[PDB]
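Numbers here simply count residues along the sequence, with the first being 1.
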Amino acid sequence: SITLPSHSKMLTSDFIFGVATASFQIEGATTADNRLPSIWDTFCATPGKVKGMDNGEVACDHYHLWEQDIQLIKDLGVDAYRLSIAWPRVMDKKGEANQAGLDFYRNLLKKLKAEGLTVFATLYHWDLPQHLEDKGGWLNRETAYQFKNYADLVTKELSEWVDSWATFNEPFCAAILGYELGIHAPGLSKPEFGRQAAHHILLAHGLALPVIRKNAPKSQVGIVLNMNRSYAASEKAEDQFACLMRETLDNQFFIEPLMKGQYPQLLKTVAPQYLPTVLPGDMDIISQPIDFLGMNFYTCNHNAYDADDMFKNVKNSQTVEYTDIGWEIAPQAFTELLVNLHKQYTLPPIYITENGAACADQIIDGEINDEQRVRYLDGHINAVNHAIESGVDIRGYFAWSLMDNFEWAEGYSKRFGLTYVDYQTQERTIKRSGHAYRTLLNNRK
């Protein structure tokens, strides 16, 4: 089961529990209602980039099944639901509004609020329109101004039904996996590309902030970062260096510009090819105040010195448990990450906007006995409680994901849902972990 002490702050009305999804991972209907092609439509159609023959054309068919999926959200007992908006659906190539695309989100959001739910909406969850990538994508500074215009349109239409707006989900993935390592769409692989893409995404966040605050004055506005905990492979100084470099390029590179108006200064002497070209005034735009920080956490990593790359990712030298995607289960590292970031920065309030596990789930006798995921969620929910008791200001927790879905370059081969999906019939079946989550939430006195 999943349990907290009955005097935990997490079990009061000052704390919200939810579940999360993203547009391209669940919606399908990629050619309905003049939706434009996205960079992930192109990436799936490129041989070798996405597992097997998997693509996003059908996914969980949420574009058509949204009403029964709201009843599913109700059944799980959650306070809140986090989703993303698809930029390819809501405007055409000239920038004009696509009303059919907007109607999908109008009807979905109204129904969620009529059911009493709190709504978190992400504006950018990786589905960039391909026509913008044809002119350079996030390497073209103009893409940030295009994002401001998109944020302006969407928040004018949806302002009455959204409680919390996030500009971006996981700039590390969109910039570094997409343009530096070649793992995510569009798939370029140089640091000179990835680090300039990261600067233009943080610029786009800052350009949209004042527009979102003007258009939606009753909402909260922030950004969502992914952060995992980095360790040294041993006590040796060269492995301490490897760890420091991993954490500087993966985590500090994104939180330091937001909070302090600068990129990590040690890079000027260690590795200046990782610093972007910054125009006068850009850091003032990037570091404007935000109302909350979203944190996505899953795992830890271990780092050994490497002569060519500074660090090399290695396995824990001690015996530990791994999820089906190969990530170490380490809830103690979750508490450590939160407390250390709290000691480094003066932070806004935090929401855990994603936490979850991929498991080799099978439907047997009409049910899914996903005991690994039950233990994962129990451990990580108590790890958040330990961080709160240590003084970290955390106000909500969202499990990834509502349901099994398209997991990016792994395709459908990695299942993260609290709900199982049969893709051939589209039948949804709540797993043991979803039932344990619902029991935790419904027992709140």
Side-chain angles (χ1 to χ4, degrees), residues 120-125 138-152 155 164-176 179-180 191 194-217 219-227 247-272 274-296 337-338 340-353 392-395:
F120 279 46
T122 308
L123 285 162
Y124 185 85
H125 201 137
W138 288 112
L139 305 177
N140 187 345
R141 186 184 176 84
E142 188 73 18
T143 303
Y145 292 101
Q146 296 304 293
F147 174 81
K148 172 189 183 179
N149 284 353
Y150 157 66
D152 194 16
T155 55
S164 178
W165 289 102
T167 53
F168 286 84
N169 177 82
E170 295 180 345
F172 172 86
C173 293
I176 308 315
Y179 291 86
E180 180 164 318
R195 305 287 156 177
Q196 199 62 41
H199 181 61
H200 287 159
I201 285 167
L202 295 174
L203 187 67
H205 156 79
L207 283 173
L209 220 47
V211 164
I212 298 169
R213 291 191 183 290
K214 182 179 181 166
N215 287 349
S219 71
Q220 288 204 324
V221 196
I223 189 162
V224 170
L225 301 181
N226 59 311
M227 275 207 206
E247 197 269 343
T248 285
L249 289 166
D250 287 7
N251 293 357
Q252 298 287 312
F253 195 85
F254 295 91
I255 188 70
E256 190 167 11
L258 292 164
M259 297 291 100
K260 296 318 272 203
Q262 73 185 12
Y263 290 94
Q265 301 297 290
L266 71 80
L267 294 169
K268 282 166 208 223
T269 88
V270 177
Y274 287 91
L275 290 167
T277 301
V278 171
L279 269 59
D282 284 1
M283 296 328 293
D284 284 340
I285 293 157
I286 290 171
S287 59
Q288 292 172 87
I290 56 170
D291 298 332
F292 74 87
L293 175 72
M295 302 262 246
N296 300 351
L337 182 124
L338 290 163
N340 296 351
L341 195 76
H342 169 67
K343 310 199 303 201
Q344 283 192 317
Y345 291 100
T346 295
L347 291 167
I350 282 171
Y351 293 83
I352 306 303
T353 39
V392 186
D393 180 7
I394 308 167
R395 298 187 189 178

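Taking the six-membered ring for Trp and thresholds of 30 and 60 degrees, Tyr351 and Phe292 have ring planes more than 60 degrees apart, a perpendicular arrangement.
Here the two rings, on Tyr124 and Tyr150, have centers that are 6.0 Å apart or farther. Not less than 6.0 angstrom separates the ring centroid of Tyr274 from the ring centroid of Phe253.
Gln220 places no side-chain N or O within donor-acceptor distance of the main-chain N or O of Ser164, the cut-off being under 3.5 Å. Side chain of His342 to main chain of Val392: no donor-acceptor pair is present (N/O by atom type, distance under 3.5 Å, no hydrogens or angles). In terms of modelled atom types and a separation under 3.5 Å, the side chain of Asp291 and the main chain of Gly222 share no donor-acceptor contact.
Nearest heavy atom pair, residue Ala174 against residue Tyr179, reads O-CD1, 3.5 Å. Of all non-hydrogen atoms in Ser287 and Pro257, the two that sit nearest each other are CB-O, 3.6 Å. Contact between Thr277 and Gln196 at its shortest, heavy atoms only, is N-OE1, 2.8 Å. Of all non-hydrogen atoms in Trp165 and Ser219, the two that sit nearest each other are CD1-OG, 3.3 Å. Across all their heavy atoms, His205 and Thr167 have their closest contact at ND1-OG1, 2.8 Å. In this structure, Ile286 and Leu258 approach most closely via the heavy-atom pair O-CD2, 3.7 Å.
Considering CG of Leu203 and CG of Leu279, their distance stands at 9.0 Å, rounded to 0.5 Å. Here the OG1 atom belonging to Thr122 is positioned 11.0 Å from the CZ atom belonging to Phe168, to the nearest 0.5 angstrom. Note that CG of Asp152 and CG of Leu207 are 12.0 Å apart. Values are rounded to the nearest 0.5 Å. Summarising the geometry, atom OG1 belonging to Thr248 is positioned 6.5 Å from atom CG belonging to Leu267; distances are rounded to the nearest 0.5 Å. One finds the CE atom of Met283 at 7.0 Å from the CG atom of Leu202 (value rounded to the nearest 0.5 Å). For the atom pair CD1 (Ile350) and CG (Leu341), the distance works out to 6.0 Å, reported to the nearest 0.5 Å.
For the side chain to side chain donor-acceptor pair (under 3.5 Å) with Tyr263, the lone residue among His199, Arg195, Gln252 that qualifies is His199. Put simply, the residue from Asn251, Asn169, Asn296, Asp250 that forms a side-chain contact (heavy atoms from CB on, under 4.5 Å) with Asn226 is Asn296.
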Self-check item: side-chain contact (heavy atoms from CB on, under 4.5 Å) between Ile176 and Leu249, intermediate numbers included
Solution: CA-CA 10 Å; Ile176 308 315; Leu249 289 166; over 6 Å; no
Where do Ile255 and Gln344 land on the side-chain contact (heavy atoms from CB on, under 4.5 Å) test, with the steps shown first?
CA-CA 11 Å; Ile255 188 70; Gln344 283 192 317; over 6 Å; no
Could you please spell out the steps behind the side-chain contact (heavy atoms from CB on, under 4.5 Å) verdict for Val221 and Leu209? CA-CA 7 Å; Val221 196; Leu209 220 47; 3.7 Å; yes
Q: List the steps and the verdict of side-chain contact (heavy atoms from CB on, under 4.5 Å) for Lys260 and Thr346.
A: CA-CA 10 Å; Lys260 296 318 272 203; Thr346 295; over 6 Å; no
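Side-chain contact check for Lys148 versus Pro210: every heavy-atom pair is 4.5 Å or farther apart. In this structure, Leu338 and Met295 have side chains that are in contact, with non-hydrogen atoms separated by less than 4.5 Å.
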